[PDB]
């Protein structure tokens, strides 16, 4: 409960110190999962309604509700999740040769569960920076991306990215920038992975950053892939789920501000699945994310 924060802080500190943080981060997953399992109620909460219906569940504790959870996506069985996680782990070693839709669906479900397990724990036991789930999301992904392409350069900091993130934190201590830079060992090209659970008004931020990097380093050096969990919004009173989408804005951004290589969600909002977006920017999955990122580095750039 308060053991969870301590446990994150351990993994968070290892990460900043730039040490092997993966064991300590798995320990956070283990503990968040067992916490919800032994203390939290779990039921149907509300639905999103558009072209289709999407049902969402919530974890409960002493009245309080967690953010909405796609039950069809969250693995609510611990032993299931444990053996799932190991196979997910081994499939990343041979993603070059095999990456079926079953490999993608489970990578997606695993990432979702891992991040959302930590997130929901904070919604119920409200202890931490309130930006800690965002922090765990970065740490976790940094963990997985390391298992997968362990030969690419992780430990580079770029001055202008550090500038934007330092200044961001100096404004709002609760809204802090988590971006991952992976540079290719073999060519002068690298990816930049802005991580956010949900985007809200910070949707311009990856676009603006891409623009800045293009006009500072030149056009084919940095490629941005955006990783998210959802765009869900809880309406706690009416027991239903919104999807906060700005399709017009993203199109303006893609066309006239800057181009990103892709947008990725565990829980893709139904609105973002349409051609008005997908024509001009890939909107894929967190399982698709891993392959796309790997593919980029196999290609040595240019994707």
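Numbering follows the first chain given and starts at 1.
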Segment of higher mean CA temperature factor, 107-115 or 128-136: 128-136
Entry-reported Cα temperature factor of residue 146, expressed as the chain third it lands in: middle
Third assignment of residue 231 from its chain's C-alpha B-factors: lowest
Residue 207 - Cα temperature factor, lowest/middle/highest third of chain: lowest
Relative C-alpha B-factor of residue 258, binned into the chain's lowest, middle or highest third: middle
Chain thirds of CA B-factor: placement of residue 238: highest
